[PDB]
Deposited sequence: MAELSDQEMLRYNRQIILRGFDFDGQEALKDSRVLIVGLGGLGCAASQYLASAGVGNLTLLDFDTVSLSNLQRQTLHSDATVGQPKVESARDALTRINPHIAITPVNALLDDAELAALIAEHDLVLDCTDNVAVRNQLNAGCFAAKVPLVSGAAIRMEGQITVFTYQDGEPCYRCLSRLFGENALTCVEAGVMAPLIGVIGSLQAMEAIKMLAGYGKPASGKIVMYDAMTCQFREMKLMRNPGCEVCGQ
């Protein structure tokens, strides 16, 4: 990728980070990231993926904006209540950064469709709210070897993992096999969504070390952060 003059100025604060530089910025500009769920996590994460300069974002969600979302999904607004979340998000995102290409997909996709879609991106952010789609995303990501930056939040608890799908690395089912409305505090989504954006950028640009092989757990109630190591399960249905 090449950056225009206006881009270099906009992205100056990233460009001058040591091992990031123009190349890292260019890498973001050339990336295609798929963000699944433009709810709380998605809004929080996409806003910075956008601002940061990730050049192509595909926004995938089947749902519309509701009034209750506005407590935390800050890309959306009262004026966008009733609109497809991907559209309200796209409109907000294009204002955060008009240099990026944003493709909204208002649909609930099947596995065949996710396979195509996942393969077409460099990285997927899982910002959904149910294990079914999370497992679907993990399955497609594993198959195609497309890194998945997985975030979750409910109540006062958040978590993040990066799945890079290397040999010997656990997948998301390695985790989800270990288990089988609720409220959610607004800023929690900000923390975890921003962490997703961060890990995504780091992966896309090969900058620093991804949070793979661990669950980073944020206990907002006590402001503590625990990192539990995640091991591959021999008989994981997906990666076993």
According to the record, which stretches of the deposited sequence lack C-alpha coordinates?
-> 1, 182-188, 249
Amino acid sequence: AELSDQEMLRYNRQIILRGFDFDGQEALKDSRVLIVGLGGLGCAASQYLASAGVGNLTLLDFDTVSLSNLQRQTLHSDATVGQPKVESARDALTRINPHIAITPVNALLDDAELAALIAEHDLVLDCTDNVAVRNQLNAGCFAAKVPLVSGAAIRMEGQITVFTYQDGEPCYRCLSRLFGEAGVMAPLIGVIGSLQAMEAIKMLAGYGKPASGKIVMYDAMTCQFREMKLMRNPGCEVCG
From here on, numbers count along this sequence of modelled residues.
Where do the C-alpha atoms have the higher mean temperature factor in this entry, in 205-213 or in 51-59?
-> 205-213
Going by the B-factors listed in the PDB entry, is the mean over the C-alpha atoms higher for 76-84 or for 161-169?
-> 161-169
Taking the C-alpha B-factors as the PDB entry records them, is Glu199 in the lowest, middle or highest third of its chain?
-> lowest
Sorting the chain's modelled residues by C-alpha B-factor, tell me whether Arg32 ends up in the lowest, middle or highest third.
-> lowest
Looking at the entry's B-factor column for C-alpha atoms only, identify whether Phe20 ranks in the lowest, middle or highest third of its chain.
-> middle
Entry-reported C-alpha B-factor of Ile189 relative to its chain, by third, is lowest
Of the three thirds of Cα B-factor ranks in this chain, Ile96 occupies the middle
